[PDB]
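Structure, as structure tokens:
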Amino acid sequence: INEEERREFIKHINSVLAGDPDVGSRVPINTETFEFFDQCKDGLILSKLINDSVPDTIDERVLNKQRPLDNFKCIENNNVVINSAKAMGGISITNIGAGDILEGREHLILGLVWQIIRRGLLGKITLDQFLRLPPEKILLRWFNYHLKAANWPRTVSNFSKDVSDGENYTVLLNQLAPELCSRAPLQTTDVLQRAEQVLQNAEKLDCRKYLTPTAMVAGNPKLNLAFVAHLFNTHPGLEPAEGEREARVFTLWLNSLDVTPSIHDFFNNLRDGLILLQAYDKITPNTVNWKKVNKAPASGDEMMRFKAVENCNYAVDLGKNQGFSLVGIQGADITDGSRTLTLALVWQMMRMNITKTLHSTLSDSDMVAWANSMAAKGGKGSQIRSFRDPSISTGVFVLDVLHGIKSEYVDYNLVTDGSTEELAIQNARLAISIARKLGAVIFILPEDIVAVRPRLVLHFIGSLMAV
């Protein structure tokens, strides 16, 4: 484990949890000991970090809040941590399970800590495509935009070697605020001293965060990325519906299957058929004969059209073989980026997976019937006609379903009548966090239930049938 990463990460956690009512009794965590990992065992600190990175991910009222907490309660809390992390996007957590957190696995925990911190670095918001790129691909263009403006011959393509001598940072800071930061550090020969001078120039903008002189010279990818992220949030230095949701949900799902170039633009990243073909293999090993597949051009250019169409025609047939309903869809439709048909094909893949995993002939009506049976076990809302039923908007039905699965998890004193959009979203957010506490893998947001997006509601119910 890296000494600085541990120290700095804990420091960041200390300031974020500062005076938190629930974990306040331990906030000031030592930056030089195991202390931290033991403090992470009951999932509270991690759950808090998750909500700081992406606000409202976890309805904290589902967490057990006693600081010696028995293993059983720590596992429930850790289920919420693990399953929330899986749905935030940009995070990869396969090597870590609720039990790993309970045991204080240092590498796994610190690994998850970094993923959570990294996911929160930029915060909120073709430009629409640009803003969905990972942190590194938004900051590099930015960093370079300035170095180019500063007429500096150097360019940045990473946050390790390219920033490790302190020169690019010095020019960047001087370009961002000519009045407080000069290019004088460029004249310092000792690189370690230059790094310190650069960070002192950072304090003038209140941006001396995460990075240390030694971490800079060492080219630590994480600490340097975080440093640049914060500088970007405070000193940009720049002079002045249902379809989209399904796309984002499907993107999280497919990425969860670990397809190579993670997806950041659903309506363009599946055109050469490679992502879809990988998914088929991840779901059913040995399904794809890769000797018949056209590979992405090493040159970086777009695959030739006829080659992408062949790849997509193959993807569609593998779907037909598996029982998918794709009668009106063709390879070329996917290659040309058909919104409706690309969503339809991925949906069939997600839908069939639900049927098969729940088998290890499940109709939509069968799922609605299962959901109603569960909800009728002391529920407060109403039975539903189908996953398209408007009543689902209040978010009460989903809480009733959960109440049927585990009555103890649903305290109706915490359930509103969802008479307003805000109250409905709170019911939905509570339902999602409760489902995660049960171990459910959910890729939707509260708004998908409140707006009653049928396919997304079915995905949620299907995840519950599998806990």
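Entry note, the chain: the mean residue ellipticity at 222 nm calculated from DSSP H runs of n ≥ 4, each adding -39500 (n - 2.57), is -16500 deg cm²/dmol after division by the residues and rounding to the nearest 500. Distance distribution P(r), segment 119-217, all Cα-Cα pairs, bin width 5 angstrom from 0: 2, 13, 21, 24, 21, 11, 5, 2, 0 percent. For a paramagnetic label modelled at 7 Å from the Cα of residue 233 toward its Cβ, which residues of segment 114-146 fall within the zone defined by backbone nitrogen distances under 16 Å? Residues passing the 16 Å test: 114-125, 135-136, 138-139.
From most to least packed by mean Cβ count within 10 Å, the peptides 210-218, 282-290 give 210-218, 282-290. Using the alpha carbons alone, the radius of gyration of segment 1-118 stands to its Kirkwood radius in an Rg to Rh ratio of 0.91. A simple rule links phi to the HN-Hα coupling: the Karplus curve 6.51 cos²θ - 1.76 cosθ + 1.60 with θ = phi - 60°, which for segment 140-154 gives 4, 4, 5, 3, 5, 4, 6, 4, 5, 5, 7, 6, 9, x, 8 Hz, with x for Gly and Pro.
The label point for residue 180 and the one for residue 361, both projected 7 Å from the Cα toward the Cβ, are 7.1 nm apart.
Over the Cα atoms of segment 357-413, the radius of gyration divided by the Kirkwood radius equals 0.99; this is the Rg/Rh ratio. Each peptide among 7-16, 293-302, 351-360 gets the average number of other Cβ atoms lying within 10 Å of its residues, and from highest to lowest they stand as 7-16, 351-360, 293-302. Residue ranges 55-63, 426-434 sort as 426-434, 55-63 when ordered by packing (mean number of other C-beta atoms within 10 Å per residue, highest first). For residue 41, the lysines whose Cα comes closer than 20 Å to its Cα, not counting residues fewer than 8 places off in the same chain, are 11, 65, 73, 86, 437. Once divided by 2.2 N^0.38 Å, the Cα radius of gyration of segment 215-288 becomes 1.61. Rounded to 0.05, the FRET efficiency of the residue 66 and residue 305 pair, given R0 = 56 Å and the Cβ-Cβ distance, is 0.40. Compute the Cα gyration tensor for segment 221-373, then decide on rounded, prolate or oblate, letting a ≥ b ≥ c be the square roots of its eigenvalues: rounded whenever a/c is under 1.5, prolate when a/b is larger than b/c in the other cases, and oblate in all that remain. It is oblate, given that a/c is not under 1.5 and a/b is not larger than b/c.
Within the chain, the ratio Rg/Rh, alpha carbon atoms throughout and Rh by Kirkwood, equals 1.00.
A convex hull fitted to the Cα coordinates of segment 343-467 yields 96 cubic angstrom per residue. On full extension, the segment bounded by residue 330 and residue 295 gains 10.6 nm, given 0.36 nm per residue less the C-alpha separation.
Bear in mind these aren't lab numbers, they're just calculated from the coordinates by the rules spelled out. For neighbour counting, all protein chains shown are included, and Cβ atoms are generated from backbone atoms with ideal geometry for every residue, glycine included.
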